[PDB]
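Colleague: Structure below; questions to follow.
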Amino acid sequence: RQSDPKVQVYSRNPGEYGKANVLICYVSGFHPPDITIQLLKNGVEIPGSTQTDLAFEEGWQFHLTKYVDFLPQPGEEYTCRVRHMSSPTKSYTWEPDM
Amino acid sequence: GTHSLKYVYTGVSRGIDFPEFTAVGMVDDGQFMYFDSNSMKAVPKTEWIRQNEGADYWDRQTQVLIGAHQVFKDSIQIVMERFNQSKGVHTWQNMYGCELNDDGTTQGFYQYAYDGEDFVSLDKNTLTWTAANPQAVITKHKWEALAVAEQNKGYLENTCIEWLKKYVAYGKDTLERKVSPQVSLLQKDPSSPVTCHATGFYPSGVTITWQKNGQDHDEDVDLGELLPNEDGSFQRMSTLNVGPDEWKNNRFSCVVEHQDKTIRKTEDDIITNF
Amino acid sequence: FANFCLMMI
C-alpha cells in the first residue's frame, strides 16, 4: 500500500504580521513511513526546527509535526516541503487566516 | 480526571529514513518516552518521568524493547509470506494501552496491523483474538492455544494501570493542567469569510459554534480539524462562509466552549492584516 | 512501562 501525505501548514497564533509566532507543519496519513519535512523562508531552510517522533493513532495513520519560531512579515513566503518515499519533493505555502 | 497509558510500535522491514523499529510511550496521548533500533536504548521525553525513574527503570525498559524489536523482526517475515509478498517495504504496527476514569473503572486494548490494516486485536472480555482475514486466523489459532490473551489482559488491567497511576502522580502538574483557548475572529479582507480561531488549549476537547442572532447556526460553517501546536496544546478553527451582506442584516457571533469556560466573539473583535 | 512482546505471530 502507498498513501500520499496530507499536509497542513499553520501558525500557532493568528498570522499577524510583525508578531513573533510559531510555524507548524502537521503531516499525516502517509504510508509507508519514509518521509522528510522542512520549513523554509523564501526557499531557505529555517534553522532550529523540531520534529516529533514518528507515531500513530488508533486507525493506524502515521502523523508527524515540525515547528520552528518565525516572525512573519509581508512579502515573505513561508513553506513546508515534504518528500515521501521516492516521490518528488512537494511544497506547501503557509497562508495566514487574517 | 480520565488518564491513559499507551504504547505505539512502528516496525518497518525495508525503509530508509527511519529506524527499523520505533517505540513511543504516551500518557494522555503525550510522549513521555522513546526507543528505537538505532539507539537500542529507551530514553525519557518528559521531565516528570526523568526526575522520577532512575537508571534501573531505563535499563529494564530497554531490555524489554530489544525483545520487542526481535519479536517484530521475526513477526513481519511470516506475515509477508502468508500474503505472498517476498519483495518490498512492509510495516508492522502494534498499539496497546490503558484507561483509568474518575469512576475508578478501567479500559484497555491490544491491537496489531499489517501494512496499515487490521491484523489481530484483543477482546479481553472473552479472551479471544479477532482475526481480520484468513492470514490472521493462523495467528488467532496459535495465540489462543498459548494463553497470550491471558498475559495481555493481566497486563492491561493490572500492570499497566499500576504504572499509569504512578505516572499521573509523577506528572500531576502537567497532566492535570487546564489551559484556556486564546480565541480570535479573523478576516483577510473586508469581504472574505470570517474565521473563529481557538488555540493554546488543553485538554483537546473544544466546541466552536457559530450563532445567528443569538441562536446556533450550522449553515455555511466549515469546522476545521483538531490540530496540535508545539507545546502540549492544541488549536482548532471554524469558518463562516456567508456574503457580508448577510453579515449586515444579521448579528453573527462565535462561541468557543472549553472545559468549564465559555468565550464569545462578535464583529467588533475582527482582527486583520489588511 | 511497556509489556513483554511475548510470542511471534
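Colleague: Roughly how many nanometres apart are two label points built 7 Å out from the Cα toward the Cβ at B:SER191 and A:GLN73?
Modeller: Computed distance between label sites B:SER191 and A:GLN73 equals 3.1 nm.
Colleague: Do any trypsin sites (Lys or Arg not before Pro) in the range B:73-159 lie in a DSSP loop with no more than 14 other beta carbon atoms within 10 Å, and if so, which? Please list the in-between numbers first.
Modeller: Details: sites: B:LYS73, B:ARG82, B:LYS87, B:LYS124, B:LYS140, B:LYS142, B:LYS153; in loops: B:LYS87, B:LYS124.
Within the range B:73-159, the qualifying trypsin sites (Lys or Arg not before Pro) (loop, at most 14 other Cβ atoms within 10 Å) are B:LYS87.
Colleague: Let me ask something else. So how strong a dipole does the protein assembly as shown carry about its Cα centre when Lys and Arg Cβ are +1 and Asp and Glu Cβ are -1, to the nearest 20 debye? Each step should come with its number before you reach the end.
Modeller: Numbers: 35 positive and 52 negative charges, 167 e Å.
Dipole about the Cα centre, nearest 20: 800 debye.
Colleague: Restricting to DSSP loop positions (anything but H, G, I, E, B) with no more than 11 other Cβ atoms inside 10 Å of their own Cβ, which chymotrypsin sites (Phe, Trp or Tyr not before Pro) remain in the range B:56-105? Provide the component values of the computation, followed by the final result.
Modeller: Working: sites: B:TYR57, B:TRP58, B:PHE72, B:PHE83, B:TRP92, B:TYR96; in loops: B:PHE83.
Of the chymotrypsin sites (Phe, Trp or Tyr not before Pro), not one in the loops of the range B:56-105 has a Cβ with at most 11 other Cβ atoms within 10 Å.
Colleague: Hey, if you put +1 on the Cβ of every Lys and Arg and -1 on every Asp and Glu Cβ in the range B:225-264, which of B:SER233, B:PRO244, B:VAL255 ends up farthest toward the positive end of that dipole?
Modeller: B:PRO244
Colleague: How large is ³J(HN,Hα) for each residue in the range B:184-199, as worked out from phi by the Karplus curve 6.51 cos²θ - 1.76 cosθ + 1.60 (θ = phi - 60°), to whole Hz, x for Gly and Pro?
Modeller: 9, 9, 10, 8, 6, 8, x, 10, 3, x, 10, 10, 8, 10, 10, 8
Colleague: Which Cα, out of B:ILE208, B:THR105, B:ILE16, lies furthest along the positive dipole direction of chain B (beta carbon charges, K/R +1, D/E -1)?
Modeller: So the residue we want is B:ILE16.
Colleague: What residues from the range B:207-224 fall in the zone where the backbone N is under 13 Å from a label point 7 Å along the Cα-to-C-beta line of A:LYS6?
Modeller: B:224
Colleague: What nm value, rounded to one decimal, do you get for the distance between A:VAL22 and B:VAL179 when each label is placed 7 Å out toward the C-beta?
Modeller: Simple spin-label model gives 0.7 nm for this pair.
Colleague: Under a plain spin-label model, where a point goes 7 Å from the Cα along Cα-to-Cβ, how far apart in nm are A:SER91 and A:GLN51?
Modeller: Result: 1.9 nm between the two label points.
Colleague: If you don't mind, another one. Note the angle between two axes, namely the Cα long axis of helix B:160-170 and the longest principal axis of the Cα atoms of chain B, as a number of degrees from 0 to 90, rounded to the nearest 10.
Modeller: Result, in degrees: 50.
Colleague: Using 0.36 nm per residue of separation minus the Cα-Cα distance, give me the extension gain between B:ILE78 and B:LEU226 in nm, one decimal.
Modeller: On the way: separation 148, 0.36 × 148 = 53.28 nm, distance 3.75 nm.
Contour length minus Cα-Cα distance gives 49.5 nm.
Colleague: Rounded to the nearest 0.05, what FRET efficiency do A:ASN42 and B:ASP245 give with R0 = 35 Å and r taken as the Cβ-Cβ distance? Could you check?
Modeller: Values: r = 38 Å, r/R0 = 1.10.
Rounded to the nearest 0.05, the efficiency is 0.35.
Colleague: If you average the alpha carbon positions of the range B:39-53 and of the range B:90-151, how far apart do those two centres end up, in angstrom?
Modeller: When both Cα centres are located, 27 Å separates them.
Colleague: For the Cα atoms of chain B, what angle does the longest principal axis make with the long axis of helix B:134-144, in degrees from 0 to 90, nearest 10?
Modeller: 70
No value in this document is a laboratory result; all are computed from the given coordinates. With ideal geometry, Cβ positions are generated from the backbone for all residues, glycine too; neighbour counts draw on all protein chains shown.
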